[PDB]
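Working notes for the structure below.
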Amino acid sequence: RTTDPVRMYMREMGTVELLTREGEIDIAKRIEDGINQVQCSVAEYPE
Amino acid sequence: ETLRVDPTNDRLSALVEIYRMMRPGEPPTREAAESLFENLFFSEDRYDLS
Amino acid sequence: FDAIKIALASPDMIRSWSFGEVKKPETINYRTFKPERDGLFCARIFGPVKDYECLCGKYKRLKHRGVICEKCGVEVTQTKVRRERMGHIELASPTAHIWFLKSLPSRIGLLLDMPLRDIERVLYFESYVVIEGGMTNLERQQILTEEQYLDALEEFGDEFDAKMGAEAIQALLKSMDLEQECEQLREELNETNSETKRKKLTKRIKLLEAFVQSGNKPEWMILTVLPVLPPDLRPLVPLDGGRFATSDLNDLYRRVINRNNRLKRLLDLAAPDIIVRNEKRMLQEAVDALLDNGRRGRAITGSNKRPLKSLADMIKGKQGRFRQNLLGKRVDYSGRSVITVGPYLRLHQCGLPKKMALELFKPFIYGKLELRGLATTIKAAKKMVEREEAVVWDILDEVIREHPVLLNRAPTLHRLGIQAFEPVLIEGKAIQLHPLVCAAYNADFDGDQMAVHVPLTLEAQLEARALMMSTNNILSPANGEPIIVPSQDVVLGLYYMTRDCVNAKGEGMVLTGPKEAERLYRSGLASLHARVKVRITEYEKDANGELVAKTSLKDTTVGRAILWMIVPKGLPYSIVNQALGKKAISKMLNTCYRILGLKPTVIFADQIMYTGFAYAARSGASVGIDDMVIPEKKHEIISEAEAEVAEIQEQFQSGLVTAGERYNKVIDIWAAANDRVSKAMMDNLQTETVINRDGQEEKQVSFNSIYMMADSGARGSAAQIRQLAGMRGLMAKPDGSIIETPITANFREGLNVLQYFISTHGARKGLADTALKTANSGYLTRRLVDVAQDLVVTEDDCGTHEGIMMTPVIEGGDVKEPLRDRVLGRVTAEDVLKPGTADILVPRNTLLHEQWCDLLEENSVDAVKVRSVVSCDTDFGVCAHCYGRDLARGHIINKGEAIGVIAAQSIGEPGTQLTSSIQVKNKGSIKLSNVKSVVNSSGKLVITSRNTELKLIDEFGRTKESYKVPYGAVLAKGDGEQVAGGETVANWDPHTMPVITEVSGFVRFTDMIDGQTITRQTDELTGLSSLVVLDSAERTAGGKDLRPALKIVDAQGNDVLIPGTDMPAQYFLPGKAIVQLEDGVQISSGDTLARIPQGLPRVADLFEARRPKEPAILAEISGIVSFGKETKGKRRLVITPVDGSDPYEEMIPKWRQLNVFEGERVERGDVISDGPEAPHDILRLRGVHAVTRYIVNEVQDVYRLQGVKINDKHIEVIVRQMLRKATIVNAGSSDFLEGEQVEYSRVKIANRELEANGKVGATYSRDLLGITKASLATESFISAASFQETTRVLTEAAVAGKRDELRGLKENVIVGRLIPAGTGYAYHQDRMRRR
RNA sequence: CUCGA
Ligand SMILES: [Mg+2]
Ligand SMILES: [Zn+2]
Ligand SMILES: [Zn+2]
């Protein structure tokens, strides 16, 4: 019912929630455990 | 006759209608619905008959 | 080339136009001013910068004609090719074209059969759409929401495929089949039976057929490759001060390239979906901000806080390429100066300054200076003009002579607004014009300016001598009256020269000729006014070609003798023997032109101007303050009106009269008081008592200096002398109400303070009306030219045997348009004969001109059938004989003249000038038509029908009066009786509409129940009441189904007959059916049963054919009428024919007036309600000859009342141009209910159903279209795209594959070609034939 | 925008 794109963008970003202090530590631990599987699984290759 | 075609019932359900008339396409909260009707008419900078 | 084609553009076509993909948003460099690599200005893609140079400068000098440098890639060619090379941008996502999306209708939901409100939820990334569903729980194009897609993904897995964005609509258009839906809709179109859907399914079927006929594919609606304009049509030029100055397409293009590169970068970073869904939305917004700016959402603003002009804002409006740079250009060899009057000229000459003709004719001067060897080259011939030497001004007199030059004055309203004169050379700085052509130009010498255009070639120089010279335009194309009628000063001189005093210094003497009357006037022995006896010799040429002299002593003045040395040979002396006002001079010039030719008329009109200026200078006609004479009985009339207003005032101060009576009494006693002074001043002005030859007191018409300007028609009327001696009449405040007290003071005695402030409402109203009238009167002319642009005389004769029938207008009182000038000029259709019904006096097709039309005027003929433009049978133009007479020249029109531009200019030019009892007037016979009538009880006649009109015939046959008479009037006379002027022949009530019974027998009040079906009302004063019924809404709502039918029967009860037929007679009951005469009464015929009671935007409303708000409805077919279903606001009525198809019904709201009742009979095309009628229903029910006769009797009552003469032939041209698109109702050749041309649906029957097969049938029905719509539905789309709605016309003609043909003469003006009319029309046949 | 026809 609108045509201003900034209202569409802010309405789309409005659905998600802000993060607390420990939430960023949780997501950083997720990223490190995502890359650590690639690190410890490349050790069985000749490359 | 106006009080029957009126779809609202309460205060917090009537500011939402003014918000959806003036700012369509944005989902309203109460804290931003009160401030629109306050700063529309009853603010010392946004309204002036002078 | 000979045809322009237009269609959609495939991406292969855009790659075939392109010269290289643009990749970077850079325009130029900042230190040096060079275009950058792969920019918007790049030298590799669009060509080099300078002539025959690359960028690096490795190649120059024209030796390398077409090499490509290996360093910079620039192809060495001219810099001219920067205006013709295009580039393209490879979009990283498909995006929708805004023209095929958000025009109205949608054109992309018209194909998909989906609303625009549903498509825009998919183009914006808001809701998914299902392309295909393997399990049919999800249908095609069923829009899912954001969260519903998560349920549908888990309930099915990957059996369905849903997408979101412009690629969803692209895969939706790509995965459709036209050949399934075409046959499906073509089989369900002739299965269903409705009207509301068959006006849409036909359009969808025609769109699907036009897609496969043009060869397009529906995937090209969605852009994938966007083309770039060449970089010399959107330039970037450095100004003088070092600041650059760009066009604004280098901002929108730079936005598209920037956001496209950012989308290419975001798709390789593996970004989340909230970023990519926003980036694709921004790319689509930046694309349609370039194609058409203010359509999607908010308009894109630059840095100036102004909306940037997009690509669609460059071809539309009054600033596009169409309306400002293609139809009208700025031309070379042109000039501009202030005009001034000079009377020493002839009719074909004009002045010209020396310093203007030295600049216009400069290359002619160079070509003449080089030929005589006076300068060896052009660079040494320019110095001889820069010094203004001796030999230049003697070469200019050879260059200028026999070389015409045009003279245009803006605004160029009509055809005479541009004329070609033969120049002379005067010193000064002002174009000297001839004083007689100022009536054509409408040029007052008060600071006007005129433009000077030179023709260059040898063909155009011959089109200014034989086509546009001012001695050829002495007749207006609007009407046969002259346009070189003399103006104010010369007509005052001719009025003063032809008068007579009483004593006059030597009257009664006898003279030999006119040449001894100038010798008497010049020596002073006899005055200019006298009464003498001269001996003249006039020539009458009624001998065929030969001139017979005859001599007689005439009793005349001296001035009428001294004028007669000017008049040519063939004219008689009765043309100068009168007082010679303004109408008599134009009548004399018209008589000379009709009798003698063109070559004496120019010399006569020049000598009249040379004489009227001379004998007005010798007189001296000065306005003094002693000339405005107050009537001496003026204060008495004003004192008497001031007495009579006080009686009404004191009657209002007590209670005797109301306010609305006093307000009209004051106006009615001031109007007669104003006219009693306006009579007195005029009766004092026009009479002067001079001494006779004896001592007597004889009166003559006066020699007052301000009456002679009013009587001679030079300046002013009698309405403006009243504001100089009598009182100002009654001013009106701008509410519209008239102020009570008037301005009792005039302009000689001087106004008051309040009377001058009251006098400013009218002047400001009339001055602010002209500033808003001319906009509509100059917009109507533009709407009129662009409809009738392409109507040129093509054939010479077609045998059509039909045409409309002429009749003088006879409304109300006297005739307003006689037959002598209404039928003049047109050929006849059928061989009309004498009132003794044999002895054919004029043949079938002869040109009715003078010496033919007064022969009709001698006899008593009244209705001649003439050929007309609305019934010609040729294609793409009308006959020469079906048109009539060329009103400018005076002969039959020639094959090649564009009619419709002359007709449109002739209608649209004077639009800025525009803003009971029956009492006969004379003695004659009485005729009636379509009349059923019975005698009354007393011995007179009553009338029981609707179509009857009382037509007074004279003693010879022509209808002098035509009077309407309604149903149920009681006449005083019978049919065909001798009458007396002033007598009353009809007596009928104005307010009520009675329902008088025709039957001579008893009555009985049958079938009425008081309380449930009818009501009761007793006459509270007299008592002679009866059983009445209430109105529609006020009555009981319990008995609206039980119809109260007062069935009149005798004392027995037997059904009495209608007179002449077996069926019984009843008298039914509508609302307000108050009957008077009691039950069981005996009546005769003529006995009442009941008496039921009751400017220029008009022209722009007629030609637009707008249906009015309250339309007078008409009955569709013949038959008897009864009301059917009941009032749900609108109760039906059926039209059941006696001999036809019963079940046709209708739907009447608003039960004010029903001219038919529920037992009466009607016809096709009559009145059911009353009021104005819509012009569509006149075409649908009555013939075409009743629409083209309704308009030329309705728009000719706007121009006639204002006093503007326009010949009726100029209106039938655009009425022919209106009813041009015709819809078919049967089939057999093309389709079912599509709207084709009437010219293509006539060529088919001229081919198909003659020798190919039998009558396969292409029966159509004509359709009427307004002038804003009959030009947006032509064949050639270039003639529509320059008029109005360029976006809709170009979009509608691009998905259909429309092919232009360049038929008319507005597309040949755009492409720079010879128009197919006039001198180009002879050449155009040698192109059309050899092809 | 102000002015002229
Ligand atoms: Mg002027
Ligand atoms: Zn190079
Ligand atoms: Zn014809």
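Line by line, the protein sequences give chains F, C and D.
To convert a position in the first sequence, counted from 1, into the entry's author numbering, add 92.
To convert a position in the second sequence, counted from 1, into the entry's author numbering, add 348.
Positions 17 to 931, 948 to 1126, 1137 to 1373 (the entry's author numbering) are the ones given, in order, by the third sequence.
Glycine included, every Cβ here is placed at the ideal spot set by N, Cα and C.
Q. Counting only beta-carbon atoms, is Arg1284/D nearer than 9 Å to chain F?
A. Within the third sequence, residue 1284/D is the residue found at index 1242, counting from 1. By this cut-off, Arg1284/D is not an interface position.
Q: For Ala456/D, verify whether its CB is less than 8 Å away from any heavy atom of ligand 1.
A: Working through the third sequence from its first residue, we reach residue 456/D at position 440. Result no, Cβ not under 8 Å from ligand 1.
Q) In three-state terms, what does DSSP make of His469/D? A) Walking along the third sequence from the start, residue 469/D turns up at place 453. Reduced to three states, the DSSP call for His469/D is strand.
**Q.** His113/D CB to nearest heavy atom of ligand 3 below 8 Å
**A.** Reading the third sequence from its first residue, position 97 is the one you call residue 113/D. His113/D Cβ: outside cutoff for every heavy atom of ligand 3.
Q: Kindly provide the ranges of any beta strand (DSSP E) runs that are 3 or more residues long and lie completely inside the region 1069 to 1122 of chain D, ordered along the chain.
A: 1093 to 1096
Q: Answer with yes or no whether the minimum CB distance from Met298/D to chain F is below 9 Å.
A: As a working mapping, residue 298/D is identified with position 282 in the third sequence. Yes, contact with chain F.
Q | chain C residues whose Cβ lies nearer than 9 Å to that of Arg103/F | A | In the first sequence, the residue the question calls residue 103/F occupies position 11. Neighbours of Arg103/F on chain C, chain order: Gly373, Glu374, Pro375.
Q. Just checking, does the region 447 to 458 of chain D make contact with the region 353 to 364 of chain D on the three C-beta pairs under 8 Å criterion?
A. yes
Q: Measure how close the beta-carbons of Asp267/D and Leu324/D come, nearest whole angstrom, since I'm counting them as under 8 Å.
A: Translated into positions along the third sequence, residue 267/D becomes position 251. Translated into positions along the third sequence, residue 324/D becomes position 308. Their Cβ separation, rounded to whole angstroms, is 6 Å, which keeps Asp267/D and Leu324/D in contact under 8 Å.
**Q.** Cross-chain neighbours of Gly106/F in chain C, by beta carbon under 9 Å
**A.** Numbered from 1 along the first sequence, position 14 holds the residue referred to as residue 106/F. Within 9 Å Cβ-Cβ: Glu374, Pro375.
Q. CB-CB under 6 Å to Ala1288/D, same chain, minus the five flanking residues each way: which ones, in chain order?
A. The residue you call residue 1288/D lines up with position 1246 of the third sequence. Excluding residues within five positions, none has a Cβ falling inside 6 Å.
Q. So, helix, strand or coil for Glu349/C, using DSSP?
A. As a working mapping, residue 349/C is identified with position 1 in the second sequence. Correct three-state label for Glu349/C: coil.
Q. Looking at chain F, which residues of the region 306 to 323 of chain D have a Cβ within less than 8 Å of any of its Cβ atoms?
A. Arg312, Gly313, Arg314
Q. Is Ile290/D close to chain F, meaning its C-beta is less than 9 Å from at least one C-beta of that chain?
A. For the purposes of this step, residue 290/D is identified with residue 274 of the third sequence, where counting begins at 1. Interface residue, yes.
Q | Cross-chain neighbours of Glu1066/D in chain F, by beta carbon under 8 Å | A | If you number the third sequence from 1, residue 1066/D lands on position 1034. Here the premise fails: no neighbours, minimum Cβ distance about 47 Å.
Q. For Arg122/F, which residues in chain C fall below 8 Å Cβ to Cβ?
A. Along the first sequence, one-based indexing puts residue 122/F at 30. Result: empty, since nearest Cβ-Cβ is about 29 Å, beyond 8 Å.
**Q.** Proximity below 9 Å, CB of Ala533/D to CB of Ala520/D
**A.** On the third sequence, residue 533/D is found 517 positions in, with the first residue counted as 1. On the third sequence, residue 520/D is found 504 positions in, with the first residue counted as 1. No, Cβ-Cβ distance for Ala533/D and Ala520/D is not below 9 Å.
Q. With distances taken between CB atoms, is the gap from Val574/D to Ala546/D smaller than 9 Å?
A. Indexing the third sequence from 1 puts residue 574/D at position 558. Indexing the third sequence from 1 puts residue 546/D at position 530. Yes.
Q: Look at the alpha carbon of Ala675/D and the alpha carbon of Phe668/D, and state the distance between them as a whole number of angstroms.
A: Position 659 of the third sequence, counted from the start, is the residue given in the question as residue 675/D. Position 652 of the third sequence, counted from the start, is the residue given in the question as residue 668/D. The alpha-carbon atoms of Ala675/D and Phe668/D are separated by roughly 7 Å.
Q) Taking contact to mean at least 3 C-beta pairs separated by less than 8 Å, is the region 61 to 76 of chain D in contact with the region 88 to 96 of chain D? A) yes
Q.
Less than 9 Å between the beta carbons of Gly496/D and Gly906/D, yes or no?
A. Here residue 496/D is taken as the residue at index 480 of the third sequence, counted from 1. Here residue 906/D is taken as the residue at index 890 of the third sequence, counted from 1. Going by C-beta atoms, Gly496/D is nearer than 9 Å to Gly906/D.
Q) Secondary structure at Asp118/F, three-state DSSP: helix, strand or coil? A) For the purposes of this step, residue 118/F is taken as the residue at position 26 of the first sequence. Reduced to three states, the DSSP call for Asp118/F is helix.
Q: Using a Cβ cut-off of 9 Å (strictly closer), state whether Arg293/D contacts chain F.
A: Sequence index remark: in the third sequence, residue 293/D carries index 277 (1-based). At least one chain F Cβ lies under 9 Å of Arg293/D.
Q | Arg425/D versus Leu1156/D: straight-line alpha-carbon distance, rounded | A | The residue given as residue 425/D occupies position 409 in the third sequence. The residue given as residue 1156/D occupies position 1114 in the third sequence. Those two C-alpha atoms are separated by around 50 Å.
Q.
Using a strict less-than 5 Å threshold between each residue's beta carbon and the heavy atoms of ligand 1, what residues do you get?
A. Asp460/D, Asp462/D, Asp464/D
(Q) Quick test of the definition: if touching needs 3 or more C-beta pairs under 8 Å, does the region 1102 to 1110 of chain D touch the region 1175 to 1188 of chain D? (A) no
(Q) Under 8 Å: do the region 881 to 898 of chain D and the region 837 to 851 of chain D share three or more Cβ pairs, one atom per stretch? (A) yes
Q: Please find out if some non-hydrogen atom of ligand 3 comes closer than 8 Å to the beta-carbon of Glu811/D.
A: Sequence index remark: in the third sequence, residue 811/D carries index 795 (1-based). At least one heavy atom of ligand 3 is nearer than 8 Å to the Cβ of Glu811/D, so yes.
Q. Which same chain residues, not among the five before or five after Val1285/D, have their C-beta less than 8 Å away from its C-beta?
A. Position 1243 of the third sequence, counted from the first residue, corresponds to residue 1285/D. So the list reads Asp891, once near-sequence residues are dropped.
Q. Cα-Cα, which of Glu175/D, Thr43/D, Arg1231/D is closest to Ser263/D?
A. Looking up residue 263/D in the third sequence gives position 247. For the residues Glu175/D, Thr43/D, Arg1231/D, the minimum Cα distance to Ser263/D belongs to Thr43/D.
Q. Going along the chain, which unbroken runs of the alpha helix (DSSP H) with 4 or more residues stay wholly within the region 709 to 780 of chain D?
A. 724 to 727, 770 to 774
Q) Does the Cβ-Cβ distance between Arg47/D and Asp54/D come in under 9 Å? A) Reading the third sequence from its first residue, position 31 is the one you call residue 47/D. Reading the third sequence from its first residue, position 38 is the one you call residue 54/D. Cβ distance not < 9 Å, so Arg47/D and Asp54/D don't count as in contact.
Q) Just curious, the alpha helix (DSSP H) that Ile1253/D is in, first and last residue? A) Residue 1253/D sits at position 1211 when you count from the first residue of the third sequence. Unbroken alpha helix (DSSP H) run through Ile1253/D: 1251 to 1260.
Q) If we ignore side chains and look at the alpha-carbon of each, how far apart do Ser398/C and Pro243/D end up? A) Locating residue 398/C in the second sequence gives position 50, where the first residue counts as 1. Locating residue 243/D in the third sequence gives position 227, where the first residue counts as 1. Going by the C-alpha atoms only, they are around 55 Å apart.
Q: Output yes or no for whether 9 Å exceeds the beta carbon distance between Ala1338/D and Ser230/D.
A: Along the third sequence, one-based indexing puts residue 1338/D at 1296. Along the third sequence, one-based indexing puts residue 230/D at 214. In this structure, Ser230/D lies closer than 9 Å to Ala1338/D by Cβ.
Q. Do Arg1149/D and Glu104/F have their CB atoms nearer than 9 Å?
A. Here residue 1149/D corresponds to residue number 1107 of the third sequence, with the count starting at 1. Here residue 104/F corresponds to residue number 12 of the first sequence, with the count starting at 1. No, they are not a contact pair.
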